[PDB]
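There is one chain below, alone, in structure tokens, taken in the form deposited in one PDB entry.
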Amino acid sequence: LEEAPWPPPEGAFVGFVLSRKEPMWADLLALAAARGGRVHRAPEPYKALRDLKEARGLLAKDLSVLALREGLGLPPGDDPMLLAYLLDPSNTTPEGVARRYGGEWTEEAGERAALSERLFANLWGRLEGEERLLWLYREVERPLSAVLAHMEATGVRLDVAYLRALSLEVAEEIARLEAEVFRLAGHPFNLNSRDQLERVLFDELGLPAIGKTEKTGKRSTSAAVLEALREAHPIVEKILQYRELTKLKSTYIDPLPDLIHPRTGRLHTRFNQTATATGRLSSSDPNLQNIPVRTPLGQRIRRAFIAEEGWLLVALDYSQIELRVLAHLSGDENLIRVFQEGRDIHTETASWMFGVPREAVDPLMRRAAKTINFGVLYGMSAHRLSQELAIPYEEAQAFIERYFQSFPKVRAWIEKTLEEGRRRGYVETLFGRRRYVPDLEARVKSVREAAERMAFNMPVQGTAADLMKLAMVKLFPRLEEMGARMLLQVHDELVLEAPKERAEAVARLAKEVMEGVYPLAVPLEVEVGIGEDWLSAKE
């Protein structure tokens, strides 16, 4: 390309190099642009950011987040990664996309700019005629990237002092647990090493090995296994408590306080837009889509996520959403009737599991019932179910047959989805998002059947993701109007932050936008709460 002086003309494709992958923490090492057979290299990257009206190119959102960090309004536009991801969601990295669609992902801004231009041309060619994929790109993915850039740049407030104090307490309790474990083993060892634990449990203490690990065939020490060995030795209970505390302390309590940004005073995640096989977002650096919530200590940790002074958090979560999506895709009459009578399948399974009245089903029970409901739906085995319910194999077998006979059309849809995936080589969500699943005709049963469970799951999980994405695109502009913020997405949940005076109006509005994002054969319901912390805002 002919070398031209900075700046580039309007509509040019950008290339840029970061000192590290996280845009909120990265130094912008270089910046360049490409258009009309020219490549313009910025003498000094930071100042050059001011000359752009739009971040157009590979990883556009990342550059936009860094721009927002610097107080510049530089929205992301076209991004060949989004085009490639729609064509085939196995396209998740610029390294692969470049190799596949006509170039090489290097570490030089100018070359990344030229590559962005060429890849866009070629990928735009591939999507011509693909009207439903083009719709997803224009009406969902491209606009969503701008929304995500703002969320990432905004961050969420965290009660650091609270977590620091919690650490010192959890440390003392962990010490009590390991001290006990060691006394029972008759000697100290690395309790964190599942290899050393394996030897202590099954060799020295001679406990029964229940299962094996996948890749290396070692005797498993997983929670599911320790659970079955709960009454076989007192040491086992200590180990399960040790595991819970150490998991929470090492993953959340300790790391998170160290990640507060100096400029913002807040915690910043990344929302990865081309990361999953189904169309879901993911979150990383840190992952804020897996903050604890189940156990008492987990709930303590979730309370650390708080609103800014003078603001409130608003949490909205779709009700039983993949089940409602299943109703629409399958067309089962019984399942539809469930959602039009306002029945709660998660609560019904809960009351049955714990053998209590429905008004007696508490939160901890209902969440347990959810893993059972989706477990069975997406192909759980009778044996695994009888194990997690501490009921006879015959009883688990019965629960699973009743489950599907209750909703006849479901099996039918599953079968027709697999049939169609074998012919075309892919399955699709309600909006035409595709996932390619080539193993549907594998000749090894276990491989084939694994492929099948992935295949018929994707339309359901992916449609739910489509709905949430579309809802975020619709909702974002309305929140800006009201001086409110979008903070996090957790698959079918949104956490917003609103001035206290507007919080109530924001909650009502967001609930309506989400519920009416795209009407189905059943109503979409959304639970919403308001509170000073993430836990309170759902309770």
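Start at 1 and count along the sequence shown; that's the residue number.
Although it is not shown, the form deposited in another entry is what the next lines describe.
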Give a yes or no answer as to whether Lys47 and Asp258 travel as part of the same rigid body between the shown form and the other one. yes
Quick one: in the other form, is the Cα gap between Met353 and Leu326 smaller or bigger than here? Answer closer or farther; it shifts by 3 Å or more. closer
Taking the shown form as reference, the Cα pair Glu527 and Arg366 shifts by 3 Å or more in the other form and sits farther
